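Below is upload.pdb, holding PDB, C-alpha atoms.
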```
ATOM      1  CA  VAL A 234     132.642-221.131 -68.525
ATOM      2  CA  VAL A 235     131.758-219.727 -65.085
ATOM      3  CA  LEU A 236     131.259-222.699 -62.762
ATOM      4  CA  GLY A 237     128.428-222.802 -60.241
ATOM      5  CA  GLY A 238     130.702-222.839 -57.211
ATOM      6  CA  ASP A 239     132.803-219.870 -58.335
ATOM      7  CA  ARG A 240     133.102-217.031 -55.810
ATOM      8  CA  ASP A 241     131.265-214.301 -57.714
ATOM      9  CA  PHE A 242     129.016-216.496 -59.845
ATOM     10  CA  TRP A 243     125.929-214.286 -60.138
ATOM     11  CA  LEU A 244     128.016-211.142 -60.643
ATOM     12  CA  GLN A 245     129.980-212.836 -63.428
ATOM     13  CA  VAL A 246     126.837-214.045 -65.215
ATOM     14  CA  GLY A 247     125.322-210.549 -64.991
ATOM     15  CA  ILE A 248     121.923-211.857 -63.867
ATOM     16  CA  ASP A 249     120.493-211.395 -60.361
ATOM     17  CA  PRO A 250     118.320-213.776 -58.378
ATOM     18  CA  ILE A 251     115.617-211.715 -56.696
ATOM     19  CA  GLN A 252     113.111-212.322 -53.893
ATOM     20  CA  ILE A 253     109.576-210.893 -54.006
ATOM     21  CA  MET A 254     107.567-211.014 -50.786
ATOM     22  CA  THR A 255     103.820-210.424 -50.726
ATOM     23  CA  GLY A 256     101.368-210.781 -47.866
ATOM     24  CA  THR A 257     100.576-214.327 -49.029
ATOM     25  CA  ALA A 258     103.647-215.635 -50.877
ATOM     26  CA  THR A 259     107.407-215.348 -51.275
ATOM     27  CA  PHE A 260     108.708-215.797 -54.812
ATOM     28  CA  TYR A 261     112.086-216.184 -56.513
ATOM     29  CA  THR A 262     113.031-215.314 -60.092
ATOM     30  CA  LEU A 263     115.908-213.850 -62.128
ATOM     31  CA  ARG A 264     116.327-210.322 -63.466
ATOM     32  CA  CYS A 265     118.992-208.539 -65.493
ATOM     33  CA  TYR A 266     119.388-205.318 -67.461
ATOM     34  CA  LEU A 267     120.235-205.253 -71.165
ATOM     35  CA  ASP A 268     120.875-201.834 -72.741
ATOM     36  CA  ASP A 269     119.142-200.047 -69.839
ATOM     37  CA  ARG A 270     116.059-202.287 -69.943
ATOM     38  CA  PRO A 271     115.019-204.912 -67.385
ATOM     39  CA  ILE A 272     114.615-208.484 -68.591
ATOM     40  CA  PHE A 273     113.147-211.103 -66.257
ATOM     41  CA  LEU A 274     113.047-214.868 -66.400
ATOM     42  CA  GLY A 275     109.769-214.992 -68.285
ATOM     43  CA  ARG A 276     108.077-214.687 -71.639
ATOM     44  CA  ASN A 277     105.459-212.477 -73.293
ATOM     45  CA  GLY A 278     105.696-209.794 -70.616
ATOM     46  CA  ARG A 279     104.996-212.131 -67.672
ATOM     47  CA  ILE A 280     107.592-213.079 -65.062
ATOM     48  CA  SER A 281     108.037-216.732 -64.100
ATOM     49  CA  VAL A 282     108.016-217.021 -60.295
ATOM     50  CA  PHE A 283     108.982-219.958 -58.075
ATOM     51  CA  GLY A 284     108.139-220.741 -54.463
ATOM     52  CA  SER A 285     111.650-221.823 -53.526
ATOM     53  CA  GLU A 286     115.242-221.658 -54.626
ATOM     54  CA  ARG A 287     115.121-225.417 -55.276
ATOM     55  CA  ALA A 288     112.152-225.038 -57.623
ATOM     56  CA  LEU A 289     113.980-222.282 -59.522
ATOM     57  CA  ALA A 290     117.124-224.424 -59.777
ATOM     58  CA  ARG A 291     115.065-227.363 -61.096
ATOM     59  CA  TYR A 292     113.541-225.147 -63.777
ATOM     60  CA  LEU A 293     116.965-223.798 -64.781
ATOM     61  CA  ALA A 294     118.241-227.361 -65.323
ATOM     62  CA  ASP A 295     115.755-227.843 -68.170
ATOM     63  CA  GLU A 296     116.010-226.564 -71.720
ATOM     64  CA  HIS A 297     113.803-223.511 -72.109
ATOM     65  CA  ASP A 298     112.988-220.770 -74.573
ATOM     66  CA  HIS A 299     112.352-217.642 -72.518
ATOM     67  CA  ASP A 300     113.573-214.073 -72.454
ATOM     68  CA  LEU A 301     116.946-214.860 -70.830
ATOM     69  CA  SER A 302     117.843-218.040 -72.689
ATOM     70  CA  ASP A 303     119.825-216.394 -75.525
ATOM     71  CA  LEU A 304     121.915-214.182 -73.259
ATOM     72  CA  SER A 305     125.586-215.012 -73.552
ATOM     73  CA  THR A 306     125.913-216.169 -69.920
ATOM     74  CA  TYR A 307     122.625-218.071 -69.686
ATOM     75  CA  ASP A 308     124.377-221.330 -70.594
ATOM     76  CA  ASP A 309     126.574-220.879 -67.518
ATOM     77  CA  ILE A 310     123.435-220.875 -65.359
ATOM     78  CA  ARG A 311     121.928-223.934 -67.045
ATOM     79  CA  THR A 312     125.231-225.837 -66.881
ATOM     80  CA  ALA A 313     125.611-224.988 -63.192
ATOM     81  CA  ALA A 314     122.074-226.267 -62.597
ATOM     82  CA  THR A 315     122.800-229.544 -64.389
ATOM     83  CA  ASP A 316     126.214-229.833 -62.694
ATOM     84  CA  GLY A 317     124.459-229.623 -59.337
ATOM     85  CA  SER A 318     126.626-226.639 -58.373
ATOM     86  CA  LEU A 319     124.058-223.860 -58.869
ATOM     87  CA  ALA A 320     123.651-221.956 -55.600
ATOM     88  CA  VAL A 321     120.794-219.478 -55.844
ATOM     89  CA  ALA A 322     121.564-216.556 -53.547
ATOM     90  CA  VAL A 323     119.702-213.245 -53.287
ATOM     91  CA  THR A 324     121.641-210.222 -52.070
ATOM     92  CA  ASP A 325     119.986-207.824 -49.639
ATOM     93  CA  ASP A 326     119.514-205.132 -52.317
ATOM     94  CA  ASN A 327     117.465-207.607 -54.393
ATOM     95  CA  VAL A 328     114.844-208.214 -51.686
ATOM     96  CA  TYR A 329     111.531-206.601 -52.659
ATOM     97  CA  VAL A 330     108.626-206.487 -50.202
ATOM     98  CA  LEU A 331     105.097-205.511 -51.213
ATOM     99  CA  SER A 332     103.643-206.951 -47.972
ATOM    100  CA  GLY A 333     101.775-204.498 -45.775
ATOM    101  CA  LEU A 334     102.014-201.470 -48.074
ATOM    102  CA  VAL A 335      98.259-201.545 -48.743
ATOM    103  CA  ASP A 336      97.627-201.262 -44.994
ATOM    104  CA  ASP A 337     100.333-198.641 -44.447
ATOM    105  CA  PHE A 338      99.062-196.323 -47.204
ATOM    106  CA  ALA A 339      95.671-196.329 -45.464
ATOM    107  CA  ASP A 340      97.334-194.856 -42.353
ATOM    108  CA  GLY A 341      99.208-192.186 -44.303
ATOM    109  CA  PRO A 342     102.794-191.407 -45.234
ATOM    110  CA  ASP A 343     104.162-191.734 -41.697
ATOM    111  CA  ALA A 344     103.062-195.393 -41.561
ATOM    112  CA  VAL A 345     104.973-196.253 -44.763
ATOM    113  CA  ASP A 346     108.570-197.384 -44.398
ATOM    114  CA  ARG A 347     110.662-195.308 -46.788
ATOM    115  CA  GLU A 348     113.286-197.966 -47.519
ATOM    116  CA  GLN A 349     110.644-200.634 -48.162
ATOM    117  CA  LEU A 350     108.815-198.321 -50.538
ATOM    118  CA  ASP A 351     111.977-197.311 -52.338
ATOM    119  CA  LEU A 352     112.840-200.905 -53.109
ATOM    120  CA  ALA A 353     109.214-201.681 -54.030
ATOM    121  CA  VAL A 354     109.048-198.830 -56.554
ATOM    122  CA  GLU A 355     112.316-200.026 -58.104
ATOM    123  CA  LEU A 356     110.739-203.447 -58.722
ATOM    124  CA  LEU A 357     107.430-201.964 -59.893
ATOM    125  CA  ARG A 358     109.113-199.774 -62.513
ATOM    126  CA  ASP A 359     111.134-202.764 -63.731
ATOM    127  CA  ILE A 360     107.980-204.897 -64.000
ATOM    128  CA  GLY A 361     106.156-202.140 -65.857
ATOM    129  CA  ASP A 362     109.050-201.709 -68.274
ATOM    130  CA  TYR A 363     109.444-205.453 -68.864
ATOM    131  CA  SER A 364     105.699-205.946 -69.357
ATOM    132  CA  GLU A 365     105.585-203.076 -71.900
ATOM    133  CA  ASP A 366     102.498-201.800 -70.049
ATOM    134  CA  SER A 367     102.151-198.216 -68.836
ATOM    135  CA  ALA A 368     100.160-199.157 -65.708
ATOM    136  CA  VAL A 369     102.999-198.470 -63.249
ATOM    137  CA  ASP A 370     104.169-195.238 -64.882
ATOM    138  CA  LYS A 371     100.601-193.934 -64.935
ATOM    139  CA  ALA A 372      99.806-194.884 -61.343
ATOM    140  CA  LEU A 373     102.970-193.205 -60.048
ATOM    141  CA  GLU A 374     102.286-189.894 -61.827
ATOM    142  CA  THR A 375     102.627-187.242 -59.143
ATOM    143  CA  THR A 376      99.287-185.660 -60.087
ATOM    144  CA  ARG A 377      97.479-188.731 -58.744
ATOM    145  CA  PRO A 378      96.810-189.586 -55.075
ATOM    146  CA  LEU A 379      99.125-192.614 -55.031
ATOM    147  CA  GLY A 380     101.905-190.970 -57.051
ATOM    148  CA  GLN A 381     101.761-187.897 -54.815
ATOM    149  CA  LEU A 382     101.918-190.040 -51.660
ATOM    150  CA  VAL A 383     104.803-192.175 -52.951
ATOM    151  CA  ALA A 384     106.793-189.097 -54.005
ATOM    152  CA  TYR A 385     106.291-187.564 -50.559
ATOM    153  CA  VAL A 386     107.429-190.684 -48.662
ATOM    154  CA  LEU A 387     110.502-191.092 -50.873
ATOM    155  CA  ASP A 388     111.624-187.452 -50.406
ATOM    156  CA  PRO A 389     112.611-186.613 -46.804
ATOM    157  CA  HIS A 390     113.022-182.957 -47.868
ATOM    158  CA  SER A 391     109.412-182.579 -49.040
ATOM    159  CA  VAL A 392     106.927-180.621 -46.932
ATOM    160  CA  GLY A 393     103.938-181.281 -49.190
ATOM    161  CA  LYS A 394     102.375-183.826 -46.859
ATOM    162  CA  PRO A 395      99.215-185.493 -48.219
ATOM    163  CA  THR A 396      96.362-185.160 -45.747
ATOM    164  CA  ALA A 397      93.887-187.745 -44.482
ATOM    165  CA  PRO A 398      91.955-189.656 -45.565
ATOM    166  CA  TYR A 399      94.128-191.783 -47.840
ATOM    167  CA  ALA A 400      91.324-193.849 -49.385
ATOM    168  CA  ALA A 401      92.097-192.742 -52.944
ATOM    169  CA  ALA A 402      95.777-193.694 -52.697
ATOM    170  CA  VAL A 403      94.766-197.076 -51.223
ATOM    171  CA  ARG A 404      92.363-197.778 -54.095
ATOM    172  CA  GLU A 405      95.064-196.894 -56.613
ATOM    173  CA  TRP A 406      97.623-199.077 -54.834
ATOM    174  CA  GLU A 407      95.204-202.012 -54.784
ATOM    175  CA  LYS A 408      94.745-201.679 -58.548
ATOM    176  CA  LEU A 409      98.506-201.507 -59.035
ATOM    177  CA  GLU A 410      99.110-204.592 -56.880
ATOM    178  CA  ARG A 411      96.500-206.471 -58.945
ATOM    179  CA  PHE A 412      98.440-205.473 -62.064
ATOM    180  CA  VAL A 413     101.674-206.776 -60.537
ATOM    181  CA  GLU A 414     100.020-210.068 -59.614
ATOM    182  CA  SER A 415      98.740-210.396 -63.192
ATOM    183  CA  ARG A 416     102.374-210.252 -64.398
ATOM    184  CA  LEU A 417     103.686-212.997 -62.069
ATOM    185  CA  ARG A 418     103.231-216.379 -63.779
ATOM    186  CA  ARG A 419     103.270-219.194 -61.234
ATOM    187  CA  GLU A 420     105.412-222.020 -62.593
TER     188      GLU A 420
END
```
Let's see the structure in the file written out as structure tokens.
Amino acid sequence: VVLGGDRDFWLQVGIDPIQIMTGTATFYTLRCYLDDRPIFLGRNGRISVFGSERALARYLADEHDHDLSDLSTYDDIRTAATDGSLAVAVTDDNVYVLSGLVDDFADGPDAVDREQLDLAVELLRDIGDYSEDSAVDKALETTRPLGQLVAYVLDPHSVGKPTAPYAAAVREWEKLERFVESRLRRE
């Protein structure tokens, strides 16, 4: 019953369009939370990603059985898509950038942008939870080189600065980024 051109459409449907930027691609998808758990536009633990807002809108116009399609407001999205009124819009807090982190970790914590990393870890934890795979939780354990480095960057009151070289953290990040890529299903 929420029309596509309504002022607060995405807020009212309770589902967020998100943007994921990597060094080689920018993707769009949808994500929500149901009883404290992230659910993405996807199926079987893999997130459907789209190269443009138009491609996402085209997909949402079609009948689908995926992890969002039985949510009570999903029909509002599909009807907006078929009405031609769906306006996919990503708010600034739903912009997630993995690009460059692999290079920044190699130069140490001072090369890593804290805000970028904070947002990236938010997405990573959501992907790990949605995929029902422990890869993210394990990699970010603070015993490990990467988890220790991430915790340091995200805490401006920490004096436990990891010391060069950062090769171990880089290797662990590369493995984690491969995991993320394995969970993004190109539609």
List the spatial neighbours of residue 349 of chain A as a VMD selection string - criterion: any atom at most 9 Å away, only C-alpha atoms, same-chain residues fewer than 6 positions off excluded. chain A and resid 329 to 331 334
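Using the PyMOL selection byres ((chain A and resi 280) around 8) on the file at hand returns these residues: residues 262, 273, 274, 275, 276, 278, 279, 281, 282, 416, 417 and 418 of chain A.
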Expansion of the PyMOL selection byres ((chain A and resi 300-307) around 8) into residues, as a ChimeraX atom specification: /A:246-247,272-276,297-299,308-311
Once the PyMOL selection byres ((chain A and resi 342) around 12) has been evaluated on this model, what residues remain selected, and can you format them as a PyMOL selection string? chain A and resi 334-341+343-347+350+378-389+391-399+402-403
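Take the candidates A:293, A:288, A:248, A:314 and check each one against residue 419 of chain A using all atoms listed in the file; the shortest distance goes to A:288.
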Can you tell me which residues surround segment 369-376 of chain A at a distance of at most 10 Å, considering all atoms listed in the file, apart from same-chain residues fewer than 5 positions away, and format the answer as a PyMOL selection string? chain A and resi 354+357-362+381-385+402+405-406+408-410+412-413
So how many Å separate atom CA of residue 290 of chain A and atom CA of residue 321 of chain A, to one decimal? 7.3 Å
Can you measure atom CA of residue 249 of chain A to atom CA of residue 285 of chain A for me? One decimal in Å is fine. 15.3 Å
Among listed residues A:251, A:400, A:263, A:289, nearest residue 326 of chain A (using all atoms listed in the file): A:251
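The gap separating atom CA of residue 312 of chain A from atom CA of residue 240 of chain A is 16.2 Å, in Å to one decimal.
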Counting all atoms listed in the file, write as a PyMOL selection string all protein and nucleic acid residues lying at most 6 Å from (108.6, -216.8, -55.2) in the file's frame. chain A and resi 259-261+282-284
